[PDB]
Amino acid sequence: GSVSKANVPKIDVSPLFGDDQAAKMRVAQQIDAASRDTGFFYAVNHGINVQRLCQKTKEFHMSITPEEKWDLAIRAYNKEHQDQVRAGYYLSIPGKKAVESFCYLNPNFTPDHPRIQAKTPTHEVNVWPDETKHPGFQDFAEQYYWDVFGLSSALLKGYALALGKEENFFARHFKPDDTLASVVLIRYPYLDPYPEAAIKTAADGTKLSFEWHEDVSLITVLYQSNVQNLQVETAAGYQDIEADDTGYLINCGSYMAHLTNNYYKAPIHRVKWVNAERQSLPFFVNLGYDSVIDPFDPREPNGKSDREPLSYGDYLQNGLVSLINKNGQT
Ligand SMILES: CC(C)[C@@H](NC(=O)[C@H](CS)NC(=O)CCC[C@H](N)C(=O)O)C(=O)O
Ligand SMILES: [Fe+3]
């Protein structure tokens, strides 16, 4: 009845945009400490206009129509859209499934992009609603991709320094022309009555909207409304992550755990059921399809690892399928 608050420090990441190397190292230390503890931190002083993000996302969610949702739907909901595994609309099912969302990928994945031409898995051309019906939405959303890409680049410099590397150790694989990163614009609704079929129950009795998992990402860069919902598993049990709709919640995904030999673990976390209208807006920091980082271990004098190199595209395609199998099609 007294779930403890998780330690989730607020780290001023602004030095990671600049050229003060000592200041950057002090930020890197804070990232290291958070990554070794609960595995979460809030990035503050990140430079992104999150109120405007929330506003523009709200305008999209509260004006998309049922017709548009079918017309944008991913393959899981619309068999006519065989090319849409990742990008498009993820429908709710009233009475059964409350959440709904819209996912988009790299705006540079155009019809003439070489990976689109090659039909390489996990690369897709984004689908968008009609401009007249959603004026400004596509432009805003594409610009948001680049704003959060920029923040993520800076965060990756911090993680690299934290791990004893040069600052471009990760960021050199995180490029505008080929990143597999995605934005998801998630709506969690208020519903009265709320369908019990859309509520899961954890082993400890907690009511959930999304079960325990580790992220399929290098890092995850998340903005949410100010409604508490996330919990992180620690040695002391599940602990509540306090909401902060001015900051970005950051954690590592399982690709970071792999390449650090679990020195930076991918924290296990879950989403509590809350009957409230809220937004959840993750950016999944994914590398390029052929990106391979040689695994290492910063706990060992020679840094040698017992893990094999894994290309990012292989990791991602299989990880996304496995997460659907484990925790359901969202
Ligand atoms: C905890 C939040 C990040 C959010 N959960 C999520 O977004 C969950 C768990 S990290 N993520 C996923 O299902 C993976 C979506 C990947 C996306 N379709 C893509 O093709 O790249 C939630 O609010 O439920
Ligand atoms: Fe997650």
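Whatever order the structure lists ligands and atoms in, that order sets their numbers, starting from 1. Starting from 1, each residue takes its place in the sequence as its number.
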K.L.:
At less than 3.5 Å, what protein N or O atoms come close to the N or O atoms of ligand 1? Include the distances to 0.1 Å.
P.N.:
{"from": "ligand 1", "atom 1": "18 (N)", "to": "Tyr90", "atom 2": "OH", "distance (Å)": "3.0"}
{"from": "ligand 1", "atom 1": "20 (O)", "to": "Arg86", "atom 2": "NE", "distance (Å)": "2.8"}
{"from": "ligand 1", "atom 1": "21 (O)", "to": "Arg86", "atom 2": "NH2", "distance (Å)": "2.8"}
{"from": "ligand 1", "atom 1": "21 (O)", "to": "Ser182", "atom 2": "OG", "distance (Å)": "2.7"}
{"from": "ligand 1", "atom 1": "23 (O)", "to": "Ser280", "atom 2": "OG", "distance (Å)": "2.7"}
{"from": "ligand 1", "atom 1": "24 (O)", "to": "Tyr188", "atom 2": "OH", "distance (Å)": "2.7"}

K.L.:
Test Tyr159 against every option in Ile31, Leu16, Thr260 by the side-chain contact (heavy atoms from CB on, under 4.5 Å) rule and name the one that passes.
P.N.:
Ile31

K.L.:
Give me each pair satisfying salt bridge (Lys or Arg N to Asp or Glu O under 4.0 Å) with a member in residues 25-35, each pair once, sequence neighbours excluded.
P.N.:
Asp32-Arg36

K.L.:
What orientation do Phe174 and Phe283 show, parallel under 30°, tilted 30 to 60°, or perpendicular over 60°?
P.N.:
perpendicular

K.L.:
Considering only NZ, NE, NH1 and NH2 on the basic side and carboxylate oxygens on the acidic side, decide whether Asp245 and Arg278 come within less than 4.0 Å.
P.N.:
no

K.L.:
Looking only at heavy atoms, which two atoms of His113 and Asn108 are closest? And how far apart?
P.N.:
CD2-O, 3.3 Å

K.L.:
For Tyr145 and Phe149, take the angle between the two ring planes, folded into 0 to 90°, and tell me which bin it lands in: parallel under 30, tilted 30 to 60, perpendicular over 60.
P.N.:
parallel

K.L.:
Under 2.8 Å from the Fe ion (ligand 2), which protein N/O/S atoms are there?
P.N.:
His213 NE2, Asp215 OD1, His269 NE2

K.L.:
Which ring-ring contact (aromatic ring centres under 6.0 Å, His included) pairs, counting each pair once, include a residue from residues 306-330, with sequence neighbours left out?
P.N.:
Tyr255-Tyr312, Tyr255-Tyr315, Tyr312-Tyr315

K.L.:
Please report the shortest heavy-atom distance between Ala87 and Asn126, naming the atom on each side.
P.N.:
CB-OD1, 3.9 Å

K.L.:
Anything under 30° is parallel, anything over 60° is perpendicular, the rest tilted; go ahead and classify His134 against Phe60.
P.N.:
tilted

